[PDB]
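What follows is a short report on a single structure.
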Ligand SMILES: CC(=O)O[C@H]1C(=O)[C@@]2(C)[C@H]([C@H](OC(=O)c3ccccc3)[C@]3(O)C[C@H](OC(=O)[C@H](O)[C@@H](NC(=O)c4ccccc4)c4ccccc4)C(C)=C1C3(C)C)[C@]1(OC(C)=O)CO[C@@H]1C[C@@H]2O
Ligand SMILES: Nc1nc2c(ncn2[C@@H]2O[C@H](COP(=O)(O)OP(=O)(O)OP(=O)(O)O)[C@@H](O)[C@H]2O)c(=O)[nH]1
Ligand SMILES: Nc1nc2c(ncn2[C@@H]2O[C@H](COP(=O)(O)OP(=O)(O)O)[C@@H](O)[C@H]2O)c(=O)[nH]1
Ligand SMILES: [Mg+2]
């Protein structure tokens, strides 16, 4: 009961997955061979077979072999079922249309057959946790092919989606704006709560809080997994105020399309800093309202908040939480909408945050993940549609998308649908 | 899994090719016999990208060797790695191309292409999933320029959706060994602009400038030039042979690199490069790897990128390095040099990062630049062609092979059309 099917797509989604499953195995005490030495706390994330082997409720999908062949060879080769690590032959080439129309069109009915064989083991499936890059060809095009199928096949089930989204300055591709804009139909129509994350924001969090001068991606993926462990903690553990995955959405989402919250986590801190400050509930609550800790490069003070889910975990008590959010309501720099006088959903879970033993991040008695619907996020969209406009005015790479079976008009129809989302997040702030 | 078929044409193409096979055999840990002797499982994981597995655990490279003379086959077969190639894949004539493009394309190689193409089929049918063709040749002389572009045309017609990826050594005014290179090159660029998906434009004048003003070689040979070319050939395919933090297939390069279909003529480069007497004083770190990689002195075509703007650059890094540090440096470069990148593309740099640096390096970068300055290479070839053609000089050697003055007029027309398209975006 309370199962989640976790679907990891492209290189970004698979490598965040290889950090998520590194965490969940430590947090439930499962060995990297899937065995458990010595309560059903693992049941959300792992199916148990009669040998005493816990097999993860996850699908890994990539259109090329390289990243999943590394999962099939590294320390987790014995964790996963061998046919739910799914590879094609041909890379999607950072082209949405290869992911959606031409290459991913061959693998999709093998991917959905594995998701069906997972869902048939779930006794009370709670939702999908979908992990991807907005800038990738597999990330945008295959996730958008998959979600369209899952939204007719599992129409009632909540689809939570964790997206690495293009930055203000940092970028890895020229066509990252095209793939991201083409994805905006997926998140609007075939998703229920979409967590945008930014590489440049997490790099700055790493520089300021973790004292690490030059991080890899493995440093980011240990922060993106710490957030999903904190979202799902109420599904897995005992708490004072456990939050259901639909209870979460009923407080986060004010209007059907207004489901793009920010997320942040506290305390992100180096183990050397964590001795010289006390890290009380009020300190870590106030840390979530700093622009310095937001994992998208936009300023929350240029918006209004609509709703917050303060998802506390570890040694946290409801007294201290009420006393903390009363100070957040006292501060005039943190502005809410006139129509949400309540503001805060609170969750409080008794399980401390798990340290990954190779990690940059301290042992702490308390953490909070704050997931936060705010008008400010529209600036991250108003950044990227201005990158799209400069290139699409020249038609600057469009022949590679048209050459792989896409209609040219889908670029106009995607920039149009993004302007209608960027309108809605401005329209509710009044 | 993403197989490449490699093809070598003429003296230059077989020489940069026969050095390339020594470089990628060192990477993959393959002995001059064809046997594996490497350290690591990662060397053997993607050996199929460039080799066929054969009996006794011998690995035979998926190379076709093409010439109109036996003497370069004899020089390769007797060479440092010559015994590794399949005897059936040496396809050759007896009488050479005479440095004549029309002997290559219409007579001497038109006879031989039926015997080449049916070997390209045996290798491509032995592939599990072919990604593309990797052809090494020169645009001066007759074999590489005229037979190699005949062969590009035949493989393009037969495999229309696979990547056609060519490494093309091409003429320059101050380092020329032949009278009719402007003719041979102009007739050859007319085939590359239509058929290839990528063409990596390389110059002996720029390869000597790296040897003299960076490596400080006192007497650089063609063997030293072939070593600079083959380092960048090994570089661009790295992400389909080794694991990485950002993987980029040759197609993931092309989609980012080629804004408009015909603007696929690239200027390659490599880092680190040092004299052997100064490797002791450098720090190989990504900022220093970057400051060399974007230096007008480091690039393997004589076009100074300060005479144009980049459309796209791709920096394919190799080694254990930070993604923040790589993303920081590729930002700092195009903001501090913003007058040298086109402002209608909002990020001009593609990055890729492989976990496995070249044997004996801690880090490497292979640079690919698509720049409006490449027009200066096609402009100077066209200006040399024009002087010879305005007086029909040497044209009885081409028209005696059944060619027309109309084909010369149409080739130089298409050359100025390629120049005009790069100049348009400058
Ligand atoms: C102790 C030390 O640092 O040795 C270096 C060295 O001194 C330098 C000068 C090397 C050296 O390069 C040359 O001597 C050279 C000469 C003419 C043309 C090109 C190179 C080196 O020979 C080259 C050699 O590189 C390799 O072995 C790579 O794996 C390379 N493959 C080959 O060079 C090779 C040679 C013979 C047979 C098979 C392969 C490679 C390059 C790209 C992609 C894959 C592989 C290296 C690191 C060194 C020496 C040995 C001195 C340099 O080359 C490379 C590619 O790193 C030239 O400038 C760099 C910087 C290095 O510091
Ligand atoms: N944090 C993090 N970001 C990543 C990681 N890998 C890739 N990214 C980001 O993903 C974006 C590019 O997406 P790709 O990695 O090319 O996505 P893909 O689905 O594999 O794309 P295709 O190769 O075309 O199929 C870039 O903005 C990267 O910064 C990772 O492991 N962690
Ligand atoms: N880098 C490199 N250039 C070469 C080599 N041999 C010849 N070249 C040069 O590039 C040109 C190549 O022409 P060539 O390959 O001889 O003509 P072909 O045999 O008829 O195709 C020559 O004029 C030389 O200047 C070599 O080994 N390496
Ligand atoms: Mg991918």
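Residue numbers (full-length UniProt numbering), protein chains in the order written: chain A, 1 to 38, 46 to 437; chain B, 1 to 426. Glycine residues also receive a C-beta, built at the ideal position from the N, C-alpha and C atoms.
Can you tell me where the alpha helix (DSSP H) with residue i in it begins and where it stops?
i	result
residue 324/B	323-336
residue 50/A	Per DSSP, residue 50/A belongs to no alpha helix (DSSP H) and is neither H nor E.
residue 62/A	Careful: residue 62/A lies outside any alpha helix (DSSP H), inside the beta strand (DSSP E) at 60-63.
residue 468/B	The structure shown has nothing for residue 468/B, since chain B only spans 1 to 426.
residue 256/B	250-257
residue 3/B	No alpha helix (DSSP H) holds residue 3/B; the beta strand (DSSP E) holding it covers 3-9.
residue 222/B	222-236
residue 386/B	375-389
residue 418/A	416-434
residue 408/B	405-425
Give the straight-line distance between the Cα atoms of residue i and residue j, rounded to the nearest whole angstrom.
i	j	result
residue 259/B	residue 291/B	25 Å
residue 120/A	residue 240/A	28 Å
residue 253/A	residue 24/B	55 Å
residue 229/B	residue 168/A	45 Å
residue 288/B	residue 336/B	16 Å
residue 226/A	residue 232/A	11 Å
residue 95/B	residue 307/B	43 Å
residue 19/B	residue 218/A	46 Å
residue 200/B	residue 388/A	37 Å
residue 196/A	residue 83/A	34 Å
residue 90/B	residue 60/B	13 Å
residue 34/A	residue 134/B	44 Å
residue 58/B	residue 340/B	48 Å
residue 89/A	residue 18/A	15 Å
residue 37/A	residue 242/A	22 Å
residue 10/B	residue 100/B	12 Å
residue 171/B	residue 380/B	9 Å
residue 280/B	residue 53/B	40 Å
residue 175/A	residue 143/B	50 Å
residue 13/A	residue 407/A	24 Å
residue 123/A	residue 73/A	25 Å
Since residue i contacts residue j with CB under 8 Å, what's their CB separation in whole angstroms?
i	j	result
residue 415/B	residue 190/B	7 Å
residue 274/A	residue 379/A	Rounded, the Cβ-Cβ distance is 17 Å, inconsistent with contact.
residue 126/A	residue 170/A	About 23 Å separates the two Cβ atoms, so there is no contact after all.
residue 300/A	residue 212/A	6 Å
residue 424/A	residue 191/A	6 Å
residue 258/A	residue 319/A	Rounded, the Cβ-Cβ distance is 15 Å, inconsistent with contact.
residue 31/A	residue 65/A	With a Cβ gap of about 17 Å, residue 31/A and residue 65/A do not count as contacting.
What residue range is occupied by the uninterrupted beta strand (DSSP E) comprising residue i?
i	result
residue 200/B	198-202
residue 246/B	244-246
residue 58/B	58-61
residue 165/B	163-169
residue 373/A	373-381
residue 202/A	200-205
residue 354/B	349-354
residue 54/B	51-54
residue 139/A	134-140
| request: Decide if the stretch 52-60 of chain A is in contact with the stretch 255-267 of chain A; the criterion is three or more beta carbon pairs, one per stretch, under 8 Å apart. | output: no
| message | To test your reading of the DSSP string, which unbroken alpha helix (DSSP H) runs of 4 or more residues are found completely within the stretch 237-302 of chain A? | response | 252-259, 288-294
| task | Let me know the beta strand (DSSP E) ranges lying completely inside the stretch 293-363 of chain A, each 3 residues or longer, listed in chain order. | result | 312-321, 351-356
| Any 3 or more C-beta pairs closer than 8 Å across the stretch 382-397 of chain B and the stretch 338-350 of chain B | no
| message | I want to know whether the stretch 243-261 of chain B touches the stretch 91-111 of chain A - three or more CB-CB distances under 8 Å. | response | yes
| said: Taking 8 Å as the cut-off, does the stretch 211-222 of chain B touch the stretch 352-371 of chain A (at least 3 CB pairs, one atom from each stretch)? | reply: no
| message | Does the stretch 301-313 of chain A come into contact with the stretch 201-210 of chain A, if we say contact requires no fewer than three beta-carbon pairs (one atom in each stretch) closer than 8 Å? | response | yes
| Pairing CB atoms from the stretch 277-293 of chain A with CB atoms from the stretch 313-328 of chain A, are three or more of them under 8 Å? | yes
| request: Spell out a yes or no on whether the stretch 310-326 of chain B and the stretch 356-374 of chain B are touching, meaning 3 or more CB-CB pairs, one atom from each, closer than 8 Å. | output: yes
| task | Run through the stretch 63-93 of chain A for me and flag every whole alpha helix (DSSP H) of 4 or more residues, listed as ranges in chain order. | result | 73-78
| What residue ranges within the stretch 76-149 of chain B form continuous beta strand (DSSP E) runs of no fewer than 3 residues, ordered along the chain? | 90-92, 130-138
| request: Go through the stretch 256-303 of chain B residue by residue and report every complete run of the beta strand (DSSP E) that reaches 3 residues or more, in order. | output: 265-271
| said: Any contact between the stretch 296-314 of chain B and the stretch 362-370 of chain B? By contact I mean 3 or more CB pairs, one from each, below 8 Å. | reply: yes
| Does the stretch 30-50 of chain B come within contact of the stretch 154-164 of chain B, defined as at least 3 CB pairs closer than 8 Å? | no
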